[PDB]
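Asks: Starting off with a structure, shown below.
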Amino acid sequence: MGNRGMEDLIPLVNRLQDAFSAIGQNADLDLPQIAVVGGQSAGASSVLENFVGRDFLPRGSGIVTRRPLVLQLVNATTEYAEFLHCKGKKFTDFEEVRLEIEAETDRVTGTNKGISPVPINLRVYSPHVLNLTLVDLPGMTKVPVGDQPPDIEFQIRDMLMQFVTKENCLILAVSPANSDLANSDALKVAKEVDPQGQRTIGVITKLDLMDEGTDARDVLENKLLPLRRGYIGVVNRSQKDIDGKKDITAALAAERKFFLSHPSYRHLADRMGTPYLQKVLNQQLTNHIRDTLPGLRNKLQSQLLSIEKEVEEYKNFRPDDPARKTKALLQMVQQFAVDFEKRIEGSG
Amino acid sequence: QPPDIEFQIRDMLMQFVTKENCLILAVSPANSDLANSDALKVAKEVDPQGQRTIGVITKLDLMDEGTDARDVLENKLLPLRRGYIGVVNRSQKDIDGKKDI
Ligand SMILES: Nc1nc2c(ncn2[C@@H]2O[C@H](COP(=O)(O)OP(=O)(O)O)[C@@H](O)[C@H]2O)c(=O)[nH]1
Ligand SMILES: Nc1nc2c(ncn2[C@@H]2O[C@H](COP(=O)(O)OP(=O)(O)O)[C@@H](O)[C@H]2O)c(=O)[nH]1
Ligand SMILES: [Mg+2]
């Protein structure tokens, strides 16, 4: 478990914040939010929790993500979690967090596969995290089931648009490997909000459920459908694994063996896996934080220039200074005589 | 393929399933959530009452270990008037292996 690529980026945020906080101003470290987009049963929830590094989300077959979950990571001296609707309560075990998520979902949506556009806000504190916003959205569908109205498609789409048309947001498009990539819904959305692929990152899931004799080699090599940032293959847990409480360590080891042994993927074994997706995202934050430094320097540079002309004199102040008093006297008298002539004569 | 490939293919479907004296076979794999099928959405829009539509489930040997399609084959998840029929075809390895029908 855990995400150790944050450690190299936490102090940079602290140092810059301490730099501005001393002057009574805050640092515009507007780190982007990460939205996970995909279709029903694509694997989005499994992907997202691997970036957080904690096992707390609900996952499995069926419509499990019935409400948008917004996770806010906050740097803190101790690790704990809390909800907005459980004010005054403290969560010290993520299993309780997962159960609360299901309970809060059913209380509003019912049990017959309902949805609700009102999100759930989870705030996890920890010393090993940045101040990040992570969004876990419901998957998209075509036809209603259970109590879903005829317009279930568009209600889900609007929930999606509110979080992906927002600037400064990484779109993490997850698609299954055992379905034709031309018929993925994630990529249809990405190419409508991010035409040039500057934000979009593709993930290919379910590489271990391919039909025998077929592979995704022309996908992971960015040949079938060119994507600016390429595709990353991942092998998450199976539904049996979820119900079997399979450990994370075993899942990662199996993912490593898979890519190292599959004949069509060995030459890409180092571009794929859970840890590589962490590295790409972390590197994506680091590029953003370092791309904003020029603005911060210019702000401080402008302020010094404005203040410098006066503090040059204040720093040399001595109360016993006849020269200052007489210089002040000549300035006041010259100001009065100019103001006086202005009002009477019209000069100036 | 131009940007409007989606609506060019759809306009071809709407020339054969938008008329009477026609049966429609809604084909969809079983290794994906049935709620996301494009076959049913088209059939439901053209044949709301399910008079003509018949559902087919094509890939039952490719389902993730630990689940099954009973909720569909028993016409419970998305009840369809004429039910659903499950089939198991030749894999890609078999097509290239010259396996007899
Ligand atoms: N074996 C395997 N199972 C997967 C993979 N990706 C997703 N699944 C399964 O697909 C189901 C759906 O997972 P989930 O992410 O909750 O779908 P979601 O509704 O999009 O969140 C789960 O049972 C996962 O175990 C994969 O790469 N390999
Ligand atoms: N293993 C397996 N493969 C299947 C099954 N049904 C279809 N396929 C595969 O589906 C692939 C494409 O089928 P096809 O009918 O051409 O899809 P189409 O583009 O709609 O015609 C073929 O390679 C088949 O081997 C199945 O039940 N099991
Ligand atoms: Mg989900």
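Following the order of the structure tokens, chains are lettered A, B, ..., residues in each are numbered from 1, and ligands are numbered from 1.
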Within 10 Å of chain A, which residues of chain B are there when counting only C-alpha atoms? Please give them as a PyMOL selection string.

Replies: chain B and resi 6+29+31-42+44+59+61-67+77-79+91-94+96

Asks: Restricted to N, CA and C atoms, what would the selected residues look like written as an mmCIF file, in the first residue's frame?

Replies:
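The new file result23.cif reads:
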data_model
loop_
_atom_site.group_PDB
_atom_site.id
_atom_site.type_symbol
_atom_site.label_atom_id
_atom_site.label_comp_id
_atom_site.auth_asym_id
_atom_site.auth_seq_id
_atom_site.Cartn_x
_atom_site.Cartn_y
_atom_site.Cartn_z
ATOM 1 N N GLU B 6 -20.309 7.599 -36.112
ATOM 2 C CA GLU B 6 -21.355 7.038 -35.265
ATOM 3 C C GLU B 6 -22.729 7.195 -35.902
ATOM 4 N N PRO B 29 -22.578 -9.084 -25.810
ATOM 5 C CA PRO B 29 -21.746 -10.031 -25.063
ATOM 6 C C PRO B 29 -22.134 -10.093 -23.597
ATOM 7 N N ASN B 31 -19.680 -10.576 -21.165
ATOM 8 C CA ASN B 31 -18.562 -10.086 -20.368
ATOM 9 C C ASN B 31 -18.572 -8.566 -20.257
ATOM 10 N N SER B 32 -19.750 -7.961 -20.373
ATOM 11 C CA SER B 32 -19.930 -6.535 -20.159
ATOM 12 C C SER B 32 -21.292 -6.324 -19.520
ATOM 13 N N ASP B 33 -21.446 -5.189 -18.847
ATOM 14 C CA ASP B 33 -22.697 -4.891 -18.163
ATOM 15 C C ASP B 33 -23.800 -4.732 -19.201
ATOM 16 N N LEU B 34 -24.882 -5.494 -19.033
ATOM 17 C CA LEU B 34 -25.963 -5.469 -20.011
ATOM 18 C C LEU B 34 -26.570 -4.080 -20.141
ATOM 19 N N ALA B 35 -26.460 -3.258 -19.097
ATOM 20 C CA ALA B 35 -27.048 -1.926 -19.139
ATOM 21 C C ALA B 35 -26.370 -1.027 -20.163
ATOM 22 N N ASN B 36 -25.198 -1.417 -20.665
ATOM 23 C CA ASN B 36 -24.419 -0.588 -21.574
ATOM 24 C C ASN B 36 -24.519 -1.057 -23.022
ATOM 25 N N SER B 37 -25.407 -2.004 -23.308
ATOM 26 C CA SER B 37 -25.497 -2.588 -24.639
ATOM 27 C C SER B 37 -26.117 -1.603 -25.621
ATOM 28 N N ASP B 38 -25.521 -1.505 -26.811
ATOM 29 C CA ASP B 38 -26.093 -0.694 -27.879
ATOM 30 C C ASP B 38 -27.161 -1.437 -28.666
ATOM 31 N N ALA B 39 -27.155 -2.769 -28.631
ATOM 32 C CA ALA B 39 -28.207 -3.522 -29.301
ATOM 33 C C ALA B 39 -29.565 -3.233 -28.679
ATOM 34 N N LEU B 40 -29.662 -3.322 -27.351
ATOM 35 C CA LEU B 40 -30.936 -3.104 -26.681
ATOM 36 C C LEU B 40 -31.430 -1.675 -26.841
ATOM 37 N N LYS B 41 -30.540 -0.685 -26.747
ATOM 38 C CA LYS B 41 -30.972 0.700 -26.902
ATOM 39 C C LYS B 41 -31.623 0.921 -28.258
ATOM 40 N N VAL B 42 -31.054 0.340 -29.311
ATOM 41 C CA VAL B 42 -31.640 0.482 -30.639
ATOM 42 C C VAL B 42 -32.967 -0.259 -30.714
ATOM 43 N N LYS B 44 -34.980 -1.136 -28.267
ATOM 44 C CA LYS B 44 -35.976 -0.517 -27.400
ATOM 45 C C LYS B 44 -36.565 0.734 -28.041
ATOM 46 N N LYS B 59 -21.164 -14.309 -25.433
ATOM 47 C CA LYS B 59 -19.860 -14.696 -24.893
ATOM 48 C C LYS B 59 -20.028 -15.096 -23.432
ATOM 49 N N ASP B 61 -18.417 -17.948 -22.166
ATOM 50 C CA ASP B 61 -17.182 -18.587 -21.739
ATOM 51 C C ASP B 61 -16.075 -17.584 -21.448
ATOM 52 N N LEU B 62 -16.332 -16.290 -21.638
ATOM 53 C CA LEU B 62 -15.344 -15.241 -21.424
ATOM 54 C C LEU B 62 -15.684 -14.360 -20.228
ATOM 55 N N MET B 63 -16.561 -14.819 -19.342
ATOM 56 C CA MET B 63 -16.980 -14.003 -18.214
ATOM 57 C C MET B 63 -15.986 -14.117 -17.070
ATOM 58 N N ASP B 64 -15.755 -12.994 -16.395
ATOM 59 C CA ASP B 64 -14.805 -12.956 -15.293
ATOM 60 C C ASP B 64 -15.166 -13.999 -14.249
ATOM 61 N N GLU B 65 -14.167 -14.758 -13.808
ATOM 62 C CA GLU B 65 -14.416 -15.797 -12.823
ATOM 63 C C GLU B 65 -15.039 -15.188 -11.575
ATOM 64 N N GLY B 66 -16.125 -15.795 -11.104
ATOM 65 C CA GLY B 66 -16.828 -15.348 -9.918
ATOM 66 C C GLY B 66 -18.214 -14.799 -10.175
ATOM 67 N N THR B 67 -18.592 -14.577 -11.432
ATOM 68 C CA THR B 67 -19.916 -14.074 -11.770
ATOM 69 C C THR B 67 -20.529 -14.957 -12.851
ATOM 70 N N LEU B 77 -33.073 -9.201 -14.717
ATOM 71 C CA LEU B 77 -32.398 -7.910 -14.609
ATOM 72 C C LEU B 77 -33.088 -6.854 -15.460
ATOM 73 N N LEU B 78 -33.295 -7.147 -16.738
ATOM 74 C CA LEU B 78 -33.956 -6.229 -17.665
ATOM 75 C C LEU B 78 -35.011 -7.020 -18.416
ATOM 76 N N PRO B 79 -36.131 -7.329 -17.763
ATOM 77 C CA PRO B 79 -37.095 -8.266 -18.352
ATOM 78 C C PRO B 79 -37.471 -7.880 -19.773
ATOM 79 N N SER B 91 -14.167 -19.557 -30.746
ATOM 80 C CA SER B 91 -13.242 -18.492 -30.397
ATOM 81 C C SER B 91 -12.375 -18.131 -31.599
ATOM 82 N N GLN B 92 -11.591 -17.064 -31.439
ATOM 83 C CA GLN B 92 -10.687 -16.652 -32.508
ATOM 84 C C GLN B 92 -9.648 -17.729 -32.785
ATOM 85 N N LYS B 93 -9.174 -18.399 -31.735
ATOM 86 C CA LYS B 93 -8.250 -19.511 -31.923
ATOM 87 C C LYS B 93 -8.881 -20.621 -32.752
ATOM 88 N N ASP B 94 -10.187 -20.843 -32.591
ATOM 89 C CA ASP B 94 -10.876 -21.882 -33.347
ATOM 90 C C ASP B 94 -11.141 -21.471 -34.788
ATOM 91 N N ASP B 96 -9.190 -19.680 -36.677
ATOM 92 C CA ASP B 96 -7.922 -19.933 -37.347
ATOM 93 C C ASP B 96 -7.476 -21.385 -37.245
#

Asks: Can you tell me, as an MDAnalysis selection string, what residues are no more than 12 Å from segment 92-109 of chain A when counting only C-alpha atoms, ignoring any on the same chain fewer than 6 positions away?

Replies: chainID A and resid 49 53:59 63:71 78:86 115:126 138 146:148

Asks: Taking only C-alpha atoms and all ligand atoms into account, name the residue in B:48, B:87, B:98, B:68 that is nearest to ligand 1.

Replies: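 That would be B:68, the residue with the smallest distance to ligand 1.
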
Asks: Could you name the residues that touch residue 276 of chain A at 12 Å or less, counting only C-alpha atoms, but leaving out those on the same chain fewer than 4 positions away, as a PyMOL selection string?

Replies: chain A and resi 3+5+50-51+203+231-234+252+255-256+268-272+280-283

Asks: Give me the residues within 10 Å of residue 14 of chain B as a JSON list (two decimals) with C-alpha atoms, in the first residue's frame, counting only C-alpha atoms and dropping any in the same chain fewer than 5 places off.

Replies:
[["chain", "number", "residue", "atom", "x", "y", "z"],
["B", 9, "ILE", "CA", -23.64, 3.59, -38.98],
["B", 19, "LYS", "CA", -40.07, -1.26, -40.70],
["B", 42, "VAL", "CA", -31.64, 0.48, -30.64],
["B", 46, "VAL", "CA", -37.69, 1.05, -32.48]]

Asks: Pick the closest to ligand 1 from A:186, A:19, A:225, A:304: which is it, counting only C-alpha atoms and all ligand atoms?

Replies: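 Under the stated criterion, the closest residue is A:186.
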
Asks: Taking only C-alpha atoms and all ligand atoms into account, name the residue in B:82, B:10, B:90, B:52 that is nearest to ligand 2.

Replies: B:90

Asks: Figure out the distance between atom CA of residue 30 of chain A and atom CA of residue 127 of chain A, please, to one decimal in Å.

Replies: 19.2 Å

Asks: Would you compute the distance between atom CA of residue 38 of chain A and atom CA of residue 199 of chain A? Give it in Å to one decimal.

Replies: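 Those two atoms sit 15.2 Å apart.
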
Asks: So which bits of segment 7-91 of chain B end up alpha helix (DSSP H) when you DSSP the backbone, as a list in words?

Replies: residues 7, 8, 9, 10, 11, 12, 13, 38, 39, 40, 41, 42, 43, 44, 45, 46, 70, 71, 72 and 73 of chain B

Asks: Go ahead and save the residues from that selection, with N, CA and C atoms, as a compact mmCIF listing (two decimals), in the first residue's frame.

Replies:
# COMPACT_ATOMS: atom_id res chain seq x y z
N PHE B 7 -23.03 8.38 -36.44
CA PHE B 7 -24.33 8.63 -37.03
C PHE B 7 -24.47 8.10 -38.45
N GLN B 8 -23.36 7.77 -39.11
CA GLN B 8 -23.47 7.12 -40.41
C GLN B 8 -23.84 5.65 -40.24
N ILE B 9 -23.28 4.98 -39.24
CA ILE B 9 -23.64 3.59 -38.98
C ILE B 9 -25.07 3.51 -38.47
N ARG B 10 -25.46 4.43 -37.59
CA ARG B 10 -26.82 4.41 -37.05
C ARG B 10 -27.85 4.57 -38.16
N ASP B 11 -27.60 5.50 -39.09
CA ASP B 11 -28.54 5.71 -40.19
C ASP B 11 -28.68 4.49 -41.07
N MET B 12 -27.68 3.60 -41.09
CA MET B 12 -27.84 2.33 -41.79
C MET B 12 -28.71 1.35 -41.01
N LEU B 13 -28.59 1.32 -39.69
CA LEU B 13 -29.47 0.47 -38.89
C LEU B 13 -30.92 0.89 -39.05
N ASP B 38 -25.52 -1.50 -26.81
CA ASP B 38 -26.09 -0.69 -27.88
C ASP B 38 -27.16 -1.44 -28.67
N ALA B 39 -27.15 -2.77 -28.63
CA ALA B 39 -28.21 -3.52 -29.30
C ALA B 39 -29.57 -3.23 -28.68
N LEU B 40 -29.66 -3.32 -27.35
CA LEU B 40 -30.94 -3.10 -26.68
C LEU B 40 -31.43 -1.67 -26.84
N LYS B 41 -30.54 -0.69 -26.75
CA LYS B 41 -30.97 0.70 -26.90
C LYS B 41 -31.62 0.92 -28.26
N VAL B 42 -31.05 0.34 -29.31
CA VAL B 42 -31.64 0.48 -30.64
C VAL B 42 -32.97 -0.26 -30.71
N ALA B 43 -33.00 -1.50 -30.23
CA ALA B 43 -34.23 -2.28 -30.28
C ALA B 43 -35.33 -1.62 -29.46
N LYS B 44 -34.98 -1.14 -28.27
CA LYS B 44 -35.98 -0.52 -27.40
C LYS B 44 -36.57 0.73 -28.04
N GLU B 45 -35.75 1.50 -28.76
CA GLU B 45 -36.24 2.73 -29.38
C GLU B 45 -37.16 2.43 -30.56
N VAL B 46 -36.88 1.36 -31.31
CA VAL B 46 -37.69 1.05 -32.48
C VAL B 46 -38.86 0.14 -32.13
N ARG B 70 -26.97 -15.33 -14.90
CA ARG B 70 -28.28 -15.84 -14.55
C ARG B 70 -29.33 -14.74 -14.53
N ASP B 71 -28.97 -13.55 -14.05
CA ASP B 71 -29.93 -12.46 -13.95
C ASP B 71 -30.45 -12.02 -15.30
N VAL B 72 -29.74 -12.34 -16.38
CA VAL B 72 -30.18 -12.02 -17.73
C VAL B 72 -30.88 -13.20 -18.39
N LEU B 73 -30.30 -14.39 -18.26
CA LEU B 73 -30.89 -15.57 -18.89
C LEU B 73 -32.23 -15.93 -18.27

Asks: Which residues, written as a PyMOL selection string, have at least one atom at most 9 Å from residue 338 of chain A, with only C-alpha atoms counted and residues fewer than 5 positions away on the same chain left out?

Replies: chain A and resi 333+343+347-348

Asks: Would you mind reading off the distance between atom CA of residue 317 of chain A and atom CA of residue 330 of chain A, one decimal, in Å?

Replies: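 Separation between atom CA of residue 317 of chain A and atom CA of residue 330 of chain A: 18.2 Å.
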
Asks: Which neighbours of residue 23 of chain B fall inside 9 Å, counting only C-alpha atoms, when residues of the same chain fewer than 5 positions from it are skipped, and could you give them as an MDAnalysis selection string?

Replies: chainID B and resid 17 51:54

Asks: Excluding same-chain residues fewer than 3 positions from residue 10 of chain A, what lies within 8 Å of it counting only C-alpha atoms, as a PyMOL selection string?

Replies: chain A and resi 6-7+13-14+128-130

Asks: Apply DSSP to the structure's backbone, then extract all residues of segment 125-255 of chain A labelled strand (DSSP E or B) and return them as number ranges by chain.

Replies: A: 125-126, 132-136, 140, 169-176, 201-205, 231-233
